[PDB]
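# Architecture and fold: a report
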Amino acid sequence: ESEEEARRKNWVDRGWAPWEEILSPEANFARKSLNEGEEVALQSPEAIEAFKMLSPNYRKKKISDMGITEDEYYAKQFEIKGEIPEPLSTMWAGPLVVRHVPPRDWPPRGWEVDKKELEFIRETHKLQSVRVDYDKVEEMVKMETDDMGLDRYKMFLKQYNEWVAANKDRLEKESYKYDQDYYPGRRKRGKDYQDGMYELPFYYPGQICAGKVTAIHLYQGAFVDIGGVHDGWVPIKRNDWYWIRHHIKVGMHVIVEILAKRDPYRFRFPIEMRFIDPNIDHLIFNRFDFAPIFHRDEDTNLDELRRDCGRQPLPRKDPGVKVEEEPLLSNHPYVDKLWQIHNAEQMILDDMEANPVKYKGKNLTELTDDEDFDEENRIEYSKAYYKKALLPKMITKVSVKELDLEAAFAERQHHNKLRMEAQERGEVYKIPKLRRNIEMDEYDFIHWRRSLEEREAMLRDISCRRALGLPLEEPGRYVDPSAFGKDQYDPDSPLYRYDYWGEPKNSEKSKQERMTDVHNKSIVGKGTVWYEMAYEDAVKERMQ
Amino acid sequence: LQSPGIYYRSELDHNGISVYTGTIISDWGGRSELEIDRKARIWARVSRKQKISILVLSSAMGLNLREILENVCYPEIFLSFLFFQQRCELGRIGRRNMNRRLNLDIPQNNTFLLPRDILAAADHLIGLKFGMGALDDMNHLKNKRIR
Amino acid sequence: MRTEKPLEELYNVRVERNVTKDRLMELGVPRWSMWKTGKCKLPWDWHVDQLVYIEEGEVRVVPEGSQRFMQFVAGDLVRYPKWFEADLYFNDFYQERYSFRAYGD
Amino acid sequence: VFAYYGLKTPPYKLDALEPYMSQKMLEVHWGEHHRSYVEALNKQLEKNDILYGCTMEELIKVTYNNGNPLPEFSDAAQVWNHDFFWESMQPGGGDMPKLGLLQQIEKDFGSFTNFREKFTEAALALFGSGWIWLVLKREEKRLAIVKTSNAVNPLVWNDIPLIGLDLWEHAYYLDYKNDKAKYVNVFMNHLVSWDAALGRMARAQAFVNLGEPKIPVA
Amino acid sequence: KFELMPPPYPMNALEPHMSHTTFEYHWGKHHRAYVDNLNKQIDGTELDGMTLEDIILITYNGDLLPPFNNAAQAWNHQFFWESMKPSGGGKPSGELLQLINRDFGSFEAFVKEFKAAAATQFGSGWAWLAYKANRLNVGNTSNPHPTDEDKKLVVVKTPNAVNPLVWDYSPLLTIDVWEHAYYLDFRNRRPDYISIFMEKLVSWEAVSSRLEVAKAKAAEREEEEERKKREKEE
Amino acid sequence: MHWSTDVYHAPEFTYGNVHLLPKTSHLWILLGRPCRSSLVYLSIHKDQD
Amino acid sequence: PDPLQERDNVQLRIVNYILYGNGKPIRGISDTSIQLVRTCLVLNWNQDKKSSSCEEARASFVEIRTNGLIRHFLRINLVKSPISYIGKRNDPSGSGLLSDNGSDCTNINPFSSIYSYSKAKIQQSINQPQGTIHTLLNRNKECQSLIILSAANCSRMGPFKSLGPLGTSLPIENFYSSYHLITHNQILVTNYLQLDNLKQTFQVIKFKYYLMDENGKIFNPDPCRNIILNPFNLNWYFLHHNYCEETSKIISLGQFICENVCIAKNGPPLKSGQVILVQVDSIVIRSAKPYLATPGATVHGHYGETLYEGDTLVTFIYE
Ligand SMILES: [Fe+3]
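Residues numbered from 1 in each chain as written, not as in the entry; some residues may be left out. Chains lettered and ligands numbered in written order. Part of a larger assembly, values for the part shown. Heavy atoms only, no water. Residues with missing side-chain atoms left out of burial classes, pairs and counts.

As recorded by the PDB entry, chain F carries the name DNA-directed RNA polymerase subunit beta'' and is attributed to Nicotiana tabacum.

## Some words on the overall build of chain A
From N to C terminus, chain A includes 16 helices and 10 strands. In terms of C-alpha radius of gyration, chain A reaches 41 Å, well past the compact-globule figure of 24 Å for 544 residues. When its C-alpha atoms are laid out on the principal axes, chain A stretches across 130 × 85 × 55 Å. Restricting to contacts in chain A with at least 6 residues of sequence separation, those with at least 24 account for 65%. (Helix = DSSP H or I, 4+ residues; strand = E, 2+ residues; numbered from the N terminus. Rg over C-alpha atoms; globule rule 2.2 N^0.38 Å. Contact = heavy atoms within 4.5 Å.)

## Describing the pattern of salt bridges
When the shortest N-O distance is used, the salt bridge between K61 of chain A and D65 of chain A registers 3.6 Å. With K61 of chain A and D65 of chain A both in helix α4 (residues 56-65), this residue pair falls four residues apart, about one helical turn. Two residues, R436 of chain A and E345 of chain A, come together in a salt bridge whose shortest N-O distance is 3.9 Å. Residue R436 of chain A is found in helix α13 (residues 435-468), and its partner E345 of chain A is found in helix α10 (residues 334-354); the two are separated by 91 residues along the sequence. The structure contains a network of salt bridges with shared partners spanning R266, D299 and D308 of chain A together with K5 of chain C. (Salt bridge = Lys/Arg side-chain N within 4 Å of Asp/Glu carboxyl O.)

## Quick word on the sheet that holds strand β1 (residues 5-6) of chain B
Residues and elements named next belong to chain B. Ordered in space as β1-β4-β5, the three strands form an open sheet in which the pairing is antiparallel. Of all strands in the sheet, those bounded by a partner on one side alone are β1 and β5 (31-32). As paired elements, β1 and strand β4 (residues 24-25) share two bridges and run antiparallel to each other. Residue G5 lies in a different strand from β4, and its bridge partner there is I25. (Pairing = 2+ DSSP bridges.)

## What to know about the arrangement of the chains
Contact analysis covers 16 pairs of chains in contact, and the most contacts occur between chains A and G. These two, chain B and chain C, are apart from each other, with no contact and a minimum C-alpha gap of 29 Å. Contact between chain E and chain F is absent, and the minimum C-alpha spacing across the pair is 30 Å.

## Structural notes on the side chain of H82 of chain D
Residue and element names in this part refer to chain D. Its place among the elements puts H82 in helix α3 (residues 73-87). A polar side-chain atom of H82 sits 3.0 Å from a polar atom in the side chain of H29. Once you skip the residues sitting within four places of it in the chain, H82 turns out to touch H29, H34, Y37, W131, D166 and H170. (Polar contact = N/O pair within 3.5 Å; in protein donor to acceptor, adjacent residues only side chain to side chain.)

## Observations regarding the packing of aromatic side chains
Between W35 of chain C and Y94 of chain C, the ring centres sit 5.9 Å apart and the planes meet at 75°, which makes this aromatic pair edge-to-face. Within this pair, whereas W35 of chain C is found in strand β2 (residues 35-37), its partner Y94 of chain C is found in strand β9 (residues 94-99), the two being separated by 59 residues in sequence. With 5.2 Å between their ring centres and 35° between their planes, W80 of chain D and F84 of chain D make a pair best called tilted. In this pair, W80 of chain D and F84 of chain D are both assigned in helix α3, four residues apart and thus about one turn of the helix distant. An aromatic cluster is built from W106, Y153, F156, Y160, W163, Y198, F202 and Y203 of chain A together with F232 of chain G, whose rings are joined through pairwise contacts. The aromatic ring of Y52 of chain D is capped on one face by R122 of chain A, whose charged end is 4.3 Å from the ring centroid. One cation-aromatic arrangement involves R450 of chain A over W35 of chain C; the distance from NZ or CZ to the ring centre is 5.6 Å. (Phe/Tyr/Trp six-rings, centres within 6.5 Å; stacked < 30°, edge-to-face > 60°. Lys NZ or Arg CZ within 6 Å of the ring centre and 35° of its normal.)

## Remarks on unusual backbone geometry
Of note in the backbone geometry, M11 of chain E takes a positive phi value of approximately 65° without being a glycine. If you trace the backbone, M11 of chain E turns up in the segment before α1 (20-42). For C244 of chain G, which is not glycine, the phi dihedral falls at a positive 55°. Mapped onto the elements, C244 of chain G comes out in the loop between β13 (236-237) and β14 (274-279).

## Quick notes on the interface of chain A and chain G
Residue-level contacts link 125 residues of chain A with 112 residues of chain G. When residues of the side of chain A that touches chain G are assigned to their parent elements, the largest contribution, 10 residues, is made by strand β3 (residues 207-217) of chain A.

## As for the environment of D159 of chain D
Within the fold, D159 of chain D resides in strand β3 (residues 159-166). What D159 of chain D contacts, discounting residues up to four positions off in sequence, is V135, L136, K137, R138 and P154 of chain D.

## Concerning the sheet that holds strand β17 (residues 298-300) of chain G
Spatially, the three strands line up as an open sheet ordered β1(F)-β17(G)-β18(G), and their pairing is antiparallel. Each edge of the open sheet is held by one strand with a lone partner, namely β1 (18-20) of chain F together with β18 (314-315) of chain G. Direction of pairing for β17 of chain G relative to β18 of chain G: antiparallel, over a ladder of two bridges. The partner of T298 of chain G across the bridge, within β18 of chain G, is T315 of chain G.

## With respect to the environment of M440 of chain A
All names here are of chain A. Note that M440 resides in helix α13. Distance from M440 to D336, taken between C-alpha atoms, is 9.1 Å for residues 104 residues apart in sequence. Once you skip the residues sitting within four places of it in the chain, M440 turns out to touch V335, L338 and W339.

## Details of the environment of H282 of chain A
Along the chain, the position of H282 of chain A falls in the loop between β7 (271-275) and α9 (302-309). Within polar-contact distance, the side chain of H282 of chain A engages the side chain of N185 of chain G at 3.0 Å.

Pasting the structure below:
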């Protein structure tokens, strides 16, 4: 492409800027001497001048030839070249008519005040909706003072004075504890803190304030002192400071407008403002999308940080399944916990029936099996179990403190007495179900009903949201279907896996042999299977 | 002895730009080169002829033409351009060397020459043709293996 | 940090403590479903709203990846938001009255 | 106890648009429909003090809650929405845009006639109650026509609105019973305010820059 | 195709409460438009003659397909007219009362609920009374312990143009809370309109008629399910 | 990297990173610690954090 | 038997095949009778249509240890290859297999004293680079990279040698007038505002401050002069923002400063870098290093790319 087009592209995307690049004499001579050639006589005038300027006496004579002081040359070294913009002018739109209104968020979280005073203070928010005609303002000007009504505002001030005297030491201690080094935007502490500075609650978005510029950062922006404990920040990015630096200088008195107030703990710059008097809205092209935050050590969950700051959610992989086109859930968490204690009770009852000597002499109502049971050591896992194969194992220390053996004893003593007489009658007795199984089935049923109600509500929720134009899924989470990428894909077609080349369908490892071996050993014969059906089908055929 | 992998030797050419030939060494000792003339002229030296139709070789591997032109970087020159016994059987060190020289993240368990390997090889060769690349030295001990 | 930002409002989980029975019968609490559980752990992802009126015990809700939990006493009406991922840790006997509500009341 | 507790009377009088919108209709929309909204917003803000100390543009976004609106989102949105609407109309009529807005429309929508055609199409294509908006997208730096739901406003997507119309029936039922296309045509011919839209675009230019930088020759 | 069907009541002085004008615009103009529009678009489609009620379900497709809206609004508009009889109001008599009494406590409980639900609808919408005789089509839909009293009468609020048919509930009674209906008459005093409807205009018998149709629908479904059980067994 | 002047903005090749120099100039390397962040990290890790 | 069955992915089938092949009778032992028909049970997981899936199950046994007794129960779990679950309701978290994993500190019960002690046992994390995250505008099209600017890259030059809220703008009755923007911009005023002030004569007054009380009365000591009422003291004080003074700095923002420039005989601008921050009494310089390139050389890279250590920057062709 063309040079102009290329420079345009760079300015737009990369951020190129032709800075001054103040050089030494030895270097200036190097930059203005290598353009001709090597060991060749210097014919250019600037090259000869740079060669002569390598001597200190030559420079101290040339500075006196033009009549400049010793500091004048050093000041002229750091001079901005190129075209300088015209001095900006301040064109005020019209009369500025304002009114002191207390902040809407004045009482901080955790500070209780009298209700009637807060009511009389908040009463002023209703009066802000009235309109004022700006043109006729001059006509109604009254120079006589002592007639203005500011009781509400005064009341706010009264409350404020109390709150600062109450919480100044606490705020300073928190600033010293959480913030280590001072930076433009943090709380003024130590020698920089003078009594009488407006604290952070005083301010509120929408207030015009006058201040002076005290800091200028290339990447962050300008910092204006508004006479408060926290400085103000005007977002100006890196590339705009090529033209904005001619209009904004350190120590300039400026008029700003507060547009947002944030928490100083999470956000680096609590007060962000815009310029009113030096209006430079035509030179800002790069802007911040989200306000800067602190990634501290206390916050360990990124979701809490995202919800506190207000940014988008962490993106995840896009699932191909639909929330409506999927089966329900019919597995209750208490199923395992009840099944294990039920099996434990059955086994203990069987062991007591087998050896009545141990069961005799002790009351069946209360049986102290083990007095060393610990809730912390209830979960014990040992992978040394290799009776049949090398595999891990777990041990569960069931407590007899909550085992309901009262009804279980009666149930077993009623069931065995009937099964024995059924066996004596020439019949085989198969117990259909027990009470614990009925309770587990009831738990499964209520959980299934909960899931059914959830999906019945979801079927109506999807409809209405679709109708009224509302997001069905949380925006910002499933936005990338496969933008996250380059993962090895098992699938051959992605080329992340092999495909036949010259008929190379051969597969490394993936031995089906090991599997074949366990199948072959038990049932080597390659006979044709006759009966083939699922276990549920087998139960259905058995019950039929 | 040398280790399996890609080396990207820049053979000096008498006419035109220097021909960049990349040799892929296998575990057994096979050699498969890829040449670059003044034009794209992406050909292989596996066949007896000078031009082995690297495009037809990549198409016969089983990859779709659209995915082939979409995966490789700089698809303009790719669109303008119009064995399994020992070559594909790369060793354990060959996969590591190919993942180190190139930018692939294929797991170490895979020891077969995937079509993505040839795609990335052609991409790096056509990039080196434009000046984005670095040659390799076969005398370096990192390129040699000790039995 | 001296946290003035509890998890009841960070995650939009509106909890009304010590609710009066007239508002309960105005909403329809007794004419709802039932759910009973002892000491368990129920990982659940919400798809719709849920007004939970706990009846018997206590439930400690732990959001995904978090180390701080929120506790609900037996006399609270909790409204779990949409797209909520948490892990309800139960400790003792628990009963509730729930009614999943779609967009709107 | 109550913030934003004010109907914020329109710039013009209730009988300024009488030849097109009767003075009774305006009285009802502003007097009854709007007033009510404010009262309920005040009653809801009295209960929750955290959402009380927040600006309108921030309150709307914090009550939208990214798809799962809080029970007070609809009301505040309506109050803001209505305010924008009254001011989005001016006494007299609107013939054509001015220096900046007309140029931006010609750059974005091609021409002003195509803009009017697309606006009328989007207004008639809406189903049910809702609003139609002429907004300025920040990251794209262009003007677009977006149609929304009952109370949702473009502030939830960080877009600066310039002109809006109330497609809720309460607005048109009294003078134009069921000819909604007529109501649109009247609003676009003799009720649209281009000076207000130009002023709002001038205000938005402090947040989104519509222009090209001055690149040095170096 | 589908054509406007006149209101059962005279729709002139049938209701002094609802003006003829209101009827003329709501039904004469708005209902007509919906049906006409449907006719204009359904023409030559696969759904040339399919019953509108079936056409609705087909066009709901999550993604509402182009004609769903017109169709639904038309259907719903006709349910409304049916719902109101000329002189009207009173208490349900017959079996409805029993169901109502079991499901919600008293008539005075359903009345409060219906009135409240209608008021809280925001924007255009309808209010519905329905029988919960639905059945899912994914997974473990079938109920173990199937019991009577699992079917219930429910109050459902709906957004503009969506009818409980889409979710397979049983439509019984409806109010058009969309504004076209009451503005002219009450100038935005929506609660009043709701109240008048539930006092002077509700013919509970009309809904009771539909009630029993629905009970039989449910029965026929489970009888067909029994038939299926027989098939797989024998 | 950084260059003020005396460097061609348009690259010599269409798909390369090579930039020729018309005159003598200084190339600067602004010191910093580079990092490689995925799409998940860029959701919270933003500018001036 | 269970009335409600979950839609599990494990499909257990029973296969019964003939022992011997048809047509060939094997010898029958006198002691042991032959088994004509046999049956077996197999466990096979669901197989996807796109790719064949196998039952990657795990076998483990659990024993109920109570009252000095043991039980024999075997459990099989068809664990999927990806540990990540599509939804949280379908999580496999409700299980425990191995206690070897100890790195899962997050699994500490909050009710135990160990959870409270871990807050102090785990000190403040300093493994992070501890720097300002500096994004790349040039790398926005490609994979976005990050530069961590810290104290090792930035230095500070030591020697180098009323205010407050005014008010809140009230709503304006004549919205038609462009009074909403408090001040116009000299460059953009030719777009949103007609040249009325150019044809007419603008007022010589610049700043007009009118303060309205809660009762709706405009009060100001001077009719239209610049007098500001400060909030804390409610005392009318002049701004005097101009003060007949101009502030300028010799070192401007963005200037690259080499070494041996000798701006002052006391402190030299070390680190040969760019001025990123300008204060009233100090200057912050980001470290940089210049490279001299001859005409005809080639710079490998774009403007703001990341150059790792040991990367080719400039290629010189020399004899
Ligand atoms: Fe309205």
